[PDB]
Amino acid sequence: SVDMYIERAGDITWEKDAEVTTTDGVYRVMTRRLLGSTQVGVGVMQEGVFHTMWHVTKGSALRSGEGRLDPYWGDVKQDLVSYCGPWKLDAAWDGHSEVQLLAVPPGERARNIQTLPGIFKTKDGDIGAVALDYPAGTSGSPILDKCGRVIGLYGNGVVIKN
Amino acid sequence: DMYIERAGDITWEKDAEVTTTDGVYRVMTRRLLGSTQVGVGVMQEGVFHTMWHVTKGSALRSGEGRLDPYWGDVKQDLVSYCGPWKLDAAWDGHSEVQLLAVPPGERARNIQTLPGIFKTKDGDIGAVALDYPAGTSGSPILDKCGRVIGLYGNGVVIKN
């Protein structure tokens, strides 16, 4: 048998004493393939909607506890996908404040790490990116502002407000 | 842009860890920012073999050419590019094998293991009991000869 499923890693909260530079939460995206199991990526369940990156799931349904979740919205060149309702994260980075990456690496427990993102040039126009390396399947891990909100997904850009 | 780049020769290796041109290639996707490894496959006799889930039949670009899917079955989770499926070798059901693992970010290696046997609905197959990071699947499984008996994630068909 084969099975792509999600399992909750924890609460999406900020933490002041952190390392400096359907129910809500972060979930691991896992695949069971035969005799193996692996973490293919991470996402955010918020207001009854699952948010992650396209390449993590390729739009596959995901099973959660004892129910299925079917993909509601997707864009592949943005590399994002939402399950069960439309995309719910509209917060953005101010372009100068430190942020906090809530990293769910595969095999290990979630942590918050606090860092100043760097900035890269796009076609339209420039965006903030988290300069840290984390193993493969950590991507889709949420990026928080101090307000506790999701400004972007790890291994993806953060949009800048000004 | 989903694309491929070669990781090495497909050979067995005796001193190994115990329990269009040919070769193994990484399947990579370009994201707006960096790049990521979505799986692995086998180029043999001008045909690229990987797992359907790795690409979902997407075309793949190689060098400056481009590869269009020739064969696919989703239930078996396999796809071939440029000609029909070319790997017909099977596992004997009792010998050690060698997984040629191309994990993401790391150089390829050969690992030698005796697969276990798993029950299917119809009926039973050999499966490699090792865990690798994501995008390592489609990595080729070799017999002692040097032949591809299966892909990592897919299991191996048993001969007799």
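Hydrogens, waters and symmetry mates play no part in the numbers below; they use all other heavy atoms, side chains included. Numbered from 1 within each chain, the chains take letters A, B, ... in sequence-line order.
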Next on the checklist: Can you give me the closest heavy-atom contact between A:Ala129 and B:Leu33, atom names plus distance?
Outcome noted: CB-CD2, 4.3 Å

Next on the checklist: Surrounding CD of A:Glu108 (heavy atoms of other residues, nucleotides or ligands, distance under 6.0 Å), is the total greater than 12?
Outcome noted: yes

Checklist outcome for this item: So, the part of B:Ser137 with a heavy atom under 4.5 Å from chain A: the answer is side chain

Next on the checklist: Counting neighbours of CZ on A:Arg32 that are heavy atoms of other residues, nucleotides or ligands and sit closer than 6.0 Å, is the number greater than 12?
Outcome noted: yes

Checklist entry - Contact part of A:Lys77 toward chain B, heavy-atom cut-off under 4.5 Å: side chain, backbone, both or neither? => result side chain

Next on the checklist: Please determine whether the number of non-hydrogen atoms from other residues, nucleotides or ligands lying under 6.0 Å from atom CD of B:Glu5 exceeds 12.
Outcome noted: yes

Next on the checklist: Using 0.5 Å steps for rounding, measure from the NZ atom of B:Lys119 to the OG atom of A:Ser1.
Outcome noted: 16.0 Å

Checklist entry - How many angstroms lie between atom CG of B:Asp131 and atom CD of A:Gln39, to the nearest 0.5 angstrom? => result 12.5 Å

Next on the checklist: Please say yes or no: joined through hydrophobic side-chain contacts below 4.5 Å, possibly via intermediate residues, are A:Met30 and A:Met4 part of one cluster?
Outcome noted: no

Item to check | CG/B:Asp68: more than 12 non-hydrogen atoms of other groups inside 6.0 Å | outcome: yes

Checklist entry - Does some side-chain heavy atom of A:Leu34 sit less than 4.5 Å from a side-chain heavy atom of B:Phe118? => result yes

Checklist entry - Do A:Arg33 and B:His53 have side-chain N/O donor and acceptor atoms under 3.5 Å apart? => result yes

Checklist entry - Counting only heavy atoms not in A:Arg8, do more than 12 fall under 6.0 Å of its CZ? => result yes

